[PDB]
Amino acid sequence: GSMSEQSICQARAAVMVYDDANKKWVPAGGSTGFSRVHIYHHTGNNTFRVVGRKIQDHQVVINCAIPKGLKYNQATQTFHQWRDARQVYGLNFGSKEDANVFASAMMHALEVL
């Protein structure tokens, strides 16, 4: 894990998931607050995943593969989102610098996949 994956970015964001049944965003992991969100590159397989942990209690709130061809939506300068076959994820970044860091890394991953 540490043997196989390298972080390519870390950004400060409140990680949300979309409750489509209720038509509203809810905090990932059930607890509002900011997380440190990484993109990890598994260099052996050339695969990537998003992993986020709450700053306070370190709970893992997001751990999702980045599939080839993903459409990454920069809705605003500080809120970005994407979806999989299961969930819609949203990142409410702590600053535009954090958003640029994460988007830059996500776009690199999507070029490299």
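Numbering starts at 1 and follows the sequence shown.
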Should the higher mean CA B-factor in the entry be assigned to 85 to 93 or to 11 to 19?
85 to 93
Given the B-factors recorded for C-alpha atoms, which segment has the greater mean, 53 to 61 or 38 to 46?
38 to 46
Grab the CA temperature factor for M106 from the record and place it in the lowest, middle or highest third of its chain.
lowest
Rank-wise, by C-alpha B-factor, drop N73 into the lowest, middle or highest third of its chain.
lowest
